[PDB]
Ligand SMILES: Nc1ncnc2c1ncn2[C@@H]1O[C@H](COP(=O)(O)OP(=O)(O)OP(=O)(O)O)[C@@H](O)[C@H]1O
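Starting off, we have a lone chain in the form deposited without the named molecule, written out as structure tokens.
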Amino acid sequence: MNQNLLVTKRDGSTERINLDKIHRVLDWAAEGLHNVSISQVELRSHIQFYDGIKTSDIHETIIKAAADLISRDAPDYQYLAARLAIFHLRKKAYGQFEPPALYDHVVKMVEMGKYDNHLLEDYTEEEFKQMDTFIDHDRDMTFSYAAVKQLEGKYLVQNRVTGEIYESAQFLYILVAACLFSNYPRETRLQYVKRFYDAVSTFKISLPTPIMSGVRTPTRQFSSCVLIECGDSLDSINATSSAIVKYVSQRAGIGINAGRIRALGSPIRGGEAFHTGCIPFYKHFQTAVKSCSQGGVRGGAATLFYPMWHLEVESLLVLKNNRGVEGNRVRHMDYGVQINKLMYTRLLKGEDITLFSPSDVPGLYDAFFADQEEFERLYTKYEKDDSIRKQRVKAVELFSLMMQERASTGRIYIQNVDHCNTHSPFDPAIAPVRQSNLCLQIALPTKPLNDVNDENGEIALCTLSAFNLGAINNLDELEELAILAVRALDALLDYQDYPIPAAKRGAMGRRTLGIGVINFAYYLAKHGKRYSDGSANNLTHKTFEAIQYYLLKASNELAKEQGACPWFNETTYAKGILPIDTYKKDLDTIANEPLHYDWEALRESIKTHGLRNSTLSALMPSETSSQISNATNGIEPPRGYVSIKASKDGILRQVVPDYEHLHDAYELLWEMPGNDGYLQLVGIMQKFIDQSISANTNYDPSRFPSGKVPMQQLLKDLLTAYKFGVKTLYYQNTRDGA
């Protein structure tokens, strides 16, 4: 009759229950939300309370309870859960809800070895006092549950043994800002810190996981993905392999070009035994890729590229097909088949495609990426020469084979190599694009290594970021954001460490960035457009012209200030060539939107002061980043309105943004009748994008007679992609509700 329920605290143990403290906290969290029942939450959680339960479990339970009510029809549960979680996480890090003063926090963290000591060297206590005035810890309340789960899961500084969380999102943002602009002149340094801080805490700019989890800590390893090109020599094979090992030990995604390795049967190049062909080496790269992963299979990913006409093409095309002899399969690596105009024309005219080992056709591989005229001339020339080892295949059989394997595994990608070079920032004769990265968005110059420390090699890197199309009000907010996006990334280039000499060379030489968007889908829904009808073509053209124009303007502004990238002379930009001058002509037939920007002024400003960065845009996919800002991923339409993630903490649900008002406005992935709509939008985006876009093809068997996708439809889509100048083609998804 004093039947209490004793809560136990962090070794302060016993104490009576406080159901009113709890209600206040809930009540607080609910402030401003619609359709959430605090009683409902209390009911679900109080029933699992037991006599000596620790306070931490009360919080977990009330958090879970709130999160288990998230739904399409009560979407504010995400915020109620989020806020409870944020609250708990404050107490878990700081002992109170009120974050310590920035200076104090940073000092404490430097002594504990969690933050880089240079933070205190670079900024004065007065400077930290001021940054603290920029910080707004109430922005922690804008995250959705899924976001808090990601922050807590892989962004906030923590102890991964003990489980202790040491920081709050706002210190992350403020310090990422500080580190990235730490070398700025005292005159502008803190203005920049604040501007960026704002941008990233209000989700205008998104940043890669390695960056958000690390900049501010003592590491200097921030790579997401690297591109290595293998030469036809054991030395290069060795070096390529070494480089992969170093890079997967730092969690980097690998894009390997192994197209030049000579085919099986070719002559021994004085000691180098390539009698055995590519496969054996491919296997060797796969083991290198997986050298620092879990069983010898879990973690570590890579995509390997080779020309369609390589002599072992048919054996390469089925490397991930599970039904086959173990020695003739390299299953845990995706492939990128490289095609150009002539190959497709052979398909269209029902003619043959000649296979050839690169070793035997002098100048053919080079021409393949850099000059299509020349490629044609050497190709026909070598077809006729009977001295040259070769094989014929009917183009139809080859294309179907590749499309078949693309279809079943979903991981046989395409790269249109002519598009990559005729419509690129680089001069094909000096710095051609001959491969992509893991997720087929990056397109940059690479040179083969002769030894792991070869200083004349070149490895390209992923330097990324993104604009949230859902958090900007008008496209002119992109000028400010381009500034901050480009300036922070450019700083990062100098900040971080390079494991391999050839990777520093490419970064310092061309300072290449890949900035893209996220939240595209939601953006299209607020403007009442759709993917499949062609209704968003001019909007897309208006939006990607604004993204490209401002990125170039900010990079140009930056070159004026600090100088163009050392190798700016190898870009087409240097010769006064713009993305609007080399885009694929057929786009003119699917969008009339007129350029709204002074491209001619900028063309001259570029020719005269050059660019800080040789490439600025690239549209990547993005699950994590997107989730933190509650946004639809990169440019892809959502599968459905509520997406589900698994966890140790239960089921995490996240409702698409503003489902309340836009449910009928969204066009979910399987609602699109086919791919034409979307491929048109990717082509329009490709007009302005420096590198490439990770574009997917999607088929639903329900929509076809007998549930089988015709090879006709598959090829027609492939050609639709090539006709609107799509550079690459990534995943292919099959199914009708996920």
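The numbering used is simple: start at 1 and walk along the sequence shown.
Participant: Going by the average Cα B-factor in the PDB entry, point out whether 357-365 or 289-297 comes out higher.
Facilitator: Higher mean C-alpha B-factor in the PDB entry: 289-297.
Participant: Report the stretch with the higher mean CA temperature factor, choosing between 377-385 and 654-662 on the basis of the entry.
Facilitator: The recorded data point to 377-385.
Participant: Take the CA temperature factors straight from the PDB entry and tell me which of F196, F181, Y145, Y115 peaks.
Facilitator: Largest recorded C-alpha B-factor: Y115.
Participant: Could you say which of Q391, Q78, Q441, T543 has its CA atom at the highest B factor, as listed in the PDB entry?
Facilitator: The listed residue with the largest C-alpha B-factor is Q391.
Participant: Just say lowest, middle or highest third for the CA B-factor of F704 relative to the other modelled residues in its chain.
Facilitator: It falls in the middle third of the chain.
Participant: Could you place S201 in the lowest, middle or highest third of its chain by Cα temperature factor, using the values in the record?
Facilitator: Lowest third of the chain for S201's C-alpha B-factor.
Participant: Within this chain, which third does the Cα B-factor at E164 fall in: lowest, middle or highest?
Facilitator: Answer is highest: the recorded C-alpha B-factor places it there.
Participant: If you rank the chain by CA B-factor, which third does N592 end up in: lowest, middle or highest?
Facilitator: It belongs to the highest third of the chain when residues are ordered by C-alpha B-factor.
Participant: Considering only modelled residues of the same chain, in which third does the CA B-factor of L602 rank: lowest, middle or highest?
Facilitator: For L602, whose C-alpha B-factor we compare with every modelled residue in the chain, the answer is the middle third.
We do not show the form solved in complex with the named molecule, though everything after this point is about it.
Participant: Heavy atoms within 4.5 Å of the named molecule in the deposited complex: which stretch among 538-546, 419-427, 88-96, 329-337?
Facilitator: Among the listed stretches, the partner-contacting one is 88-96.
Participant: Taking the named molecule as it sits in the deposited complex, is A601 near enough to touch it, meaning that at least one heavy atom pair lies within 4.5 angstroms?
Facilitator: No, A601 stays farther than 4.5 Å from the named molecule in the deposited complex.
Participant: Heavy atoms within 4.5 Å of the named molecule in the deposited complex: does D454 have any?
Facilitator: Answer no; every heavy atom of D454 is more than 4.5 Å from the named molecule in the deposited complex.
Participant: Is there any non-hydrogen atom of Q130 lying within 4.5 Å of the named molecule in the deposited complex?
Facilitator: Judged by the heavy-atom cut-off of 4.5 Å, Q130 is well away from the named molecule in the deposited complex.
Participant: Might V486 be said to contact the named molecule in the deposited complex, defining contact as any heavy atom within 4.5 Å?
Facilitator: So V486 does not count as contacting the named molecule.
Participant: Could you spot which one of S182, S249, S643, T409 gets a heavy atom to within 4.5 Å of the named molecule in the deposited complex?
Facilitator: By the 4.5 Å heavy-atom cutoff, the listed residue in contact is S249.
Participant: Select from the listed residues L681, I70, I689, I62 the one whose heavy atoms reach within 4.5 Å of the named molecule in the deposited complex.
Facilitator: Partner contact (heavy atom, 4.5 Å) among the options: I62.
Participant: Looking at the named molecule in the deposited complex, is some heavy atom of each of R160, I165 and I580 within 4.5 Å of it?
Facilitator: No, because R160, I165 and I580 lack any heavy atom that approaches the named molecule to within 4.5 Å in the deposited complex.
Participant: Pick out the residues of 222-250 whose heavy atoms come within 4.5 Å of the named molecule in the deposited complex.
Facilitator: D232, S233, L234, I237, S249 sit within 4.5 Å of the partner.
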